[PDB]
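Report on the following structure.
Whatever order the structure lists them in is the order used to number ligands and atoms, beginning at 1. Counting from 1, the numbers follow the sequence of the chain as shown.
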Amino acid sequence: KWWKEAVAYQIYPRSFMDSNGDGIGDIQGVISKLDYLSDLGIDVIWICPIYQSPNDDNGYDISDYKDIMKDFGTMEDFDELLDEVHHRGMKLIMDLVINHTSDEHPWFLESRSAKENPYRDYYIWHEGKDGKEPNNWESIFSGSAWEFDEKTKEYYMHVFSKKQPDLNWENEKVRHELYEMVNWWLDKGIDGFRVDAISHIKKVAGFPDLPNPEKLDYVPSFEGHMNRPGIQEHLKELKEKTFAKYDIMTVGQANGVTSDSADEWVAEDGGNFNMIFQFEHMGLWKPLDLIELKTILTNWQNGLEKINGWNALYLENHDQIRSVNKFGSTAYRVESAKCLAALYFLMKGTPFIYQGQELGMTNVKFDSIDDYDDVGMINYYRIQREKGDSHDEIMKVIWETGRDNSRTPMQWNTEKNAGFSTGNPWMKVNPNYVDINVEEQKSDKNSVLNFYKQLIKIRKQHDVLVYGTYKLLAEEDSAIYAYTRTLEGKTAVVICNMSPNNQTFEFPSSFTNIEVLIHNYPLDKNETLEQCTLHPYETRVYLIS
Ligand SMILES: OC[C@H]1O[C@H](O[C@H]2[C@H](O)[C@@H](O)[C@@H](O[C@H]3[C@H](O)[C@@H](O)[C@@H](O)O[C@@H]3CO)O[C@@H]2CO)[C@H](O)[C@@H](O)[C@@H]1O
Ligand SMILES: [Ca+2]
Ligand SMILES: [Ca+2]
Ligand SMILES: [Ca+2]
């Protein structure tokens, strides 16, 4: 329940704060900005992976689960971070990455060392077929999901990069070692986990070929490994052996789960996590189809209420483009950022803020493929260019869909590198840091930052915004997303003009008292309650008694 009332903040540590001038974010950098997060009103910090890693996938390829990434600092730095976070009245959850390890993990170095060795079946090995890979599966990062090992003459599976071999969850020995490691972290007193790629741990037995109607080189392979039957056996055991033993929060990153099939994932009784990140609203690739967005988020609001589950609320993370670009408007950047904030943050659930979201940071456009880092898009570029795609065609995909958009340095001020670093940043800063930064926004009472500050405050001050029941209003309005939160004798009315235009809207009224809790436009003198005249991306929240 503390995790129900919590507001969470996600840190991408490589890009949060550099404290020693090598252009790479680090743990002492995070410590140095804890005031910012405490003052914002954050309850829980989720930090992206900080473990020993070759960084083929920036921390998600782990070579030692119990050692800190050299770029980021030492275990002593981590211990200091956790101690400072806890003394500041905040909690910290770690990123648990146990679908796969680095290919430089000791387990894998042993596993690949000989066809027969005790660690061989810690990973997923198969001999080729017809002088090719064991099957036609594509990696999520493009190319084959199998990599050949010359020494042992067999392929190993990798859903993600070539340097992220999948762990074999059918091996009891693997599972036991993973559980020990998880509990080792929980014994230090961290407050839980965000659980990475967790819907991918069950593979269809025998790894059969997938249908290939378009005759591709490799077939997108989600139907072979994403949320496959049999996965719950593993996740139930994971919960029993680790999470259930501690008072923590878990949020699983669970692609391939829909609102009608979320029962085993998040139900109050028997669910294997407290909440999950679901992906259904994050794949609407214009004028945004607002009503489709209403349908999806409402499905999840209603769906989880029915089974006493809990939603994880979010519009941004390190895997997505910026939400002003995705869901709002660069033509109305500050207004749409606040509209989007009120929209997603005040539904029933635990809201997450991704670093820079609270500033209205936006997508970047670098001209050189060398300026980017994302292993997924670097692979895409190589593969598609060979196929004939032009540089422009490919950069359009990277600019418009690439997750590097969310990994540019956090924009603290207008000093060199937006104050992220004294050196040369691992990833270039967005030039718009001269306009978009924490320092500027702290001083402006109508900043995006201070709007998030207010959102956090009203949610904490009014129980209806935490536990109140959601109901969608005005479903058929293609511009206005409106909904209520109802708890006993209090009703909150959230009104979001999700369009770049002025709109009229009839107040969806029966109250003894009405109060405006938040608004991103000045209130108009002569405007009547009944007849809303909303500016582009105007949002208002009313509290009704
Ligand atoms: O540790 C590897 C990788 O894992 C995490 O993200 C992955 C998701 O778990 C996985 O389901 C898949 O999700 C993307 C889908 O491929 C795509 O169709 C669409 O739904 O966007 C999803 C989000 O990107 O792949 C992602 C990795 O792209 C973790 O969060 C990643 O940082 C990490 O690289
Ligand atoms: Ca550094
Ligand atoms: Ca099994
Ligand atoms: Ca008006």
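- Cation-pi contact between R175 and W169: absent, since separation from the ring centre below 6.0 Å together with deviation from the ring axis within 45° is not met.
- Within the protein, the number of N, O or S atoms lying under 3.0 Å from the Ca ion (ligand 3) is 1.
- The pair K442-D39 fails the salt-bridge criterion, with no side-chain N (NZ, NE, NH1 or NH2) lying under 4.0 Å from an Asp/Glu carboxylate O.
- Closest to the Ca ion (ligand 2) among the N, O or S atoms of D26 is OD2.
- A side-chain donor-acceptor contact under 3.5 Å links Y483 to the backbone of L343.
- Taking backbone and side-chain atoms together, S421 has no N/O/S atom less than 3.0 Å away from the Ca ion (ligand 2).
- Side-chain atoms of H318 and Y60 form a donor-acceptor pair, as typed in the model, at a separation below 3.5 Å.
- Below the 3.0 Å limit, the Ca ion (ligand 4) has as protein N, O or S neighbours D524 OD2, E527 OE1, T533 O, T533 OG1.
- Between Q253 and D319, the closest side-chain pair of non-hydrogen atoms falls below 4.5 Å.
- Using a distance-only test at 3.5 Å, with no hydrogens or angles considered, no donor-acceptor pair links the side chain of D371 to the main chain of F366.
- At a cut-off of 3.0 Å, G423 does not coordinate the Ca ion (ligand 2) through any N, O or S atom.
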Discussion item. Between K294 and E476, does the salt bridge (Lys or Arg N to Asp or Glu O under 4.0 Å) criterion hold? Intermediate values first, please.
Written reply: CA-CA 10 Å; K294 295 184 203 188; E476 220 69 7; over 6 Å; no
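- In this structure, OD1 of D22 and OD1 of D18 enclose an angle of 90° at the Ca ion (ligand 2), rounded to 10°.
- Remark: aromatic rings of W185 and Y179 are distant, center separation not under 6.0 Å.
- When atom types are taken as modelled, the side chain of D18 and the backbone of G23 share a donor-acceptor pair closer than 3.5 angstrom.
- For the pair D71 (side chain) and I24 (backbone), a donor-acceptor distance under 3.5 Å is absent.
- Under the 4.5 Å side-chain criterion, counting only non-hydrogen atoms from C-beta, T408 is not in contact with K428.
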